[PDB]
């Protein structure tokens, strides 16, 4: 939610803090001494009375052009850039604070009006190319097993303890974040575990937030259509670990298995390191054993050299690594592996190598892997000689068209059966999309095009023999087929197909 009980901030105080100016005149600085701001939003439609409207520029528009609407919703002030005041021109009924780079000071403003919620919460922020969602779930399940009230914030949604709101973004815009945090304080939450996307660091979405811990899972080619370079992409994320940085967390935890990880550990200087790949780390895993129920058990050796028999419901070598990160994260936040192990044992994180096992025979999995790097890593962790691997997936219309032809190649290379299907074709004639992935497909593999997604799932389930694996890729927890939005859920379709087998 927003929080029910916020004591406001005199608008004068917000202005002096940020050091904004007043669009009308320096003497408009009499009525600013008067108004109280009790909310902050950067989406006109979302203003409550008493809120400061942040009118920002963006790639599609400028919020300055929605001042009318914000004011009409009872906004008591606007905070905008000079490009913005130009848009307003004359005449808003309310005061206009002007900053260069407002987005870059919005966080701290929001943090102030909401009374600095992060200073009352142990906030854990997990960044990295992959594994943020999974690691957050593992941390959250540890937390609950040890009887701590926990909020979660990430791709899948928001959890205020037991509550279960859905999220638009993986990390919400700074006023939303702070207000959520504020609400979590009111709701009795003690600890909050957060995915922190590299977009959020770039656009200063997490600006007013104090982190008790920052975790780094890994890095690989992603988001290179927002970040202008792999550098910037690293740099964004680094800003959570750099000792001297503004966002630096009280404790950093870094996985060492990736090269990028090594590079972050060296950045954070006093990182707690973590390795599932026989690398020297404070936390290390060994004796990794596949188990019946497609889980994995292993020994987690802590920074004190003490072993711990752990058991995780998720397949794939790197999930041992996620688990370690989570394990380290809990330990620093004062939760021992003894306390967390029961939670970890059971936790199934949705759309992430989620195994459906209605019936028996082979491994049937649902996974979110939707980018060429994503897909390669999964298929490899799931490849074993003497076992067959089917992958079914497709690509999204109006979305990054470069990624299609690569994926089909990666698929062809690592799977025994690939099935090319629809996954939100949107406006585009769906057979183009599929035909591009199949261009990718151009010995080992065996590839076929089934346009209908349920039919794709069914064919692959009828193709499996005992002990083989079927992976439904590229939707994960996401639902619906957009084309209208037709209703679709991969877990449900997958389970349905397995029942149809006898």
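Numbering follows the first chain given and starts at 1.
*Count of coordinate-less deposited residues separating residue 442 and residue 443, as none, 1 to 3, 4 to 9, or 10 or more?*
According to the record, 1 to 3 deposited residues lack coordinates from residue 442 to residue 443.
*Average Cα temperature factor in the PDB entry - higher stretch of 456 to 464, 433 to 441*: Here the higher of the two C-alpha B-factor means belongs to 433 to 441.
_Mean temperature factor over C-alpha atoms, higher-scoring stretch between 413 to 421 and 126 to 134_ = The stretch with the larger average C-alpha B-factor is 413 to 421.
*Which has the highest CA B-factor per the PDB entry: 143, 180, 174, 314?*
If I rank 143, 180, 174, 314 by C-alpha B-factor, first place goes to 314.
*Residue selected from 379, 72, 111, 247 by maximal Cα B factor*: Highest C-alpha B-factor among the listed options: 379.
*Lowest, middle or highest third of the chain for the C-alpha temperature factor of residue 30?*
Its C-alpha B-factor belongs to the highest third of this chain's values.
*Is the Cα B-factor recorded for residue 281 in the lowest, middle or highest third of its chain?*
Residue 281: CA B-factor falls in the middle third of its chain.
*asked:* Among the modelled residues of this chain, does the Cα B factor of residue 163 put it in the lowest, middle or highest third?
replied: Residue 163: CA B-factor falls in the highest third of its chain.
*CA B-factor ranking of residue 477, expressed as a third of its chain*: Within its chain, residue 477 is a highest-third residue by C-alpha B-factor, going by the deposited values.
_Chain-relative CA temperature factor third for residue 259_ = Middle third.
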